[PDB]
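# Close look at the chain arrangement
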Amino acid sequence: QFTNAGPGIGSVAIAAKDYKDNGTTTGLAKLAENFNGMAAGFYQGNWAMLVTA
Amino acid sequence: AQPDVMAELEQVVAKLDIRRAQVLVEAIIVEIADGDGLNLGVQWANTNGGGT
């Protein structure tokens, strides 16, 4: 995990798990407020990958 | 004052009491303003691949 990037995988994962079963969106909607670029996720078997640009 | 000064003050007064001329002053302030903003931007979000 790094910081120079718009957002941290932490807030994203937690938000997605908090948005389940019709949860809140405040938390996650606040992360994605100023974000700008191409966040591209990829799952090849078990290794998750997040590309920011 | 002395009649000599009375005649001197009488010319000073006559020159100094001249009908002061009037001036009509029109100013014209013209301003013109405009400009063009443009915001066009395209976002692609894909569950599998990634979002922008």
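For the structure itself, look to the data block above.
The text that follows walks through the structure, step by step, so that each part is easy to find. (Residues numbered from 1 in each chain as written, not as in the entry; some residues may be left out. Chains lettered and ligands numbered in written order. Part of a larger assembly, values for the part shown. Heavy atoms only, no water.)

### A closer look at the overall build of chain B
The secondary structure content of chain B amounts to 1 helix and 2 strands. Ordered by position in the sequence, the α and β elements of chain B form the string α-β-β. Taking the principal axes of the C-alpha coordinates as reference, chain B spans close to 115 × 20 × 10 Å. Within chain B, the fraction of its 52 residues that count as buried is 6%. Counting only carbon and sulfur atoms, one obtains 57% of the accessible surface of chain B, whose full area is about 5,800 Å². (Helix = DSSP H or I, 4+ residues; strand = E, 2+ residues; numbered from the N terminus. Buried < 20%, exposed > 50% of the residue type's maximum accessible area, 1.4 Å probe, protein only. Areas by Shrake-Rupley, 256 points an atom, 1.4 Å probe, with all protein chains shown as cover.)

### Re the interface of chain B and chain A
Taken residue by residue, the interface counts 5 residues in chain B and 6 residues in chain A. Between chain B and chain A the total buried area reaches about 390 Å² when both faces are included, carbon and sulfur atoms providing 43% of it. On the chain B side of the contact with chain A, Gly49(B), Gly51(B) and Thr52(B) bury the most area, a combined 74% of that side's loss. In this assembly, chain B and chain A are joined by 0 salt bridges. (Contact = heavy atoms within 4.5 Å. Buried area = accessible area lost by both parts, 1.4 Å probe. Salt bridge = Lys/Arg side-chain N within 4 Å of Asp/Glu carboxyl O.)

### Looking at the pairing of strand 1 (residues 40-44) of chain A
Residues and elements named next belong to chain A. Relative to strand 2 (residues 47-51), strand 1 runs antiparallel, the two sharing 5 bridges. Within strand 2, the residue paired with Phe-42 across the bridge is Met-49. Here strand 1 hands over to strand 2 after 2 residues, with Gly-45 in that stretch at a positive phi of 45 degrees. (Pairing = 2+ DSSP bridges.)

### What about unusual backbone geometry?
Residues and elements named next belong to chain A. With a phi angle near 55 degrees, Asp-21 is a residue other than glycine that sits in the positive phi range. Relative to the helices and strands, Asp-21 resides in the loop between helix 1 (9-18) and helix 2 (26-31). Its relative accessible area of 77% is what places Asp-21 among the exposed residues. If you check the backbone angles, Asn-22 has positive phi at about 50 degrees while not being a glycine. Tracing the chain through its elements places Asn-22 in the loop between helix 1 and helix 2. Residue classification places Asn-22 among the exposed residues on the basis of a relative accessible area of 79%.

### Remarks on a nonpolar patch on the surface
Residue and element names in this part refer to chain A. Together, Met-38, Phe-42, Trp-47, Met-49 and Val-51 make up an exposed nonpolar region whose accessible area comes to about 440 Å². With respect to the helices, strands and loops of the structure, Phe-42 is situated in strand 1. Of the residues examined, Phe-42 reaches a relative accessible area of 36% and is grouped as partly exposed. (Patch = residues over 30% accessible without salt bridge, like charges linked within 9 Å, V, L, I, M, F, W, Y side chains within 5 Å.)

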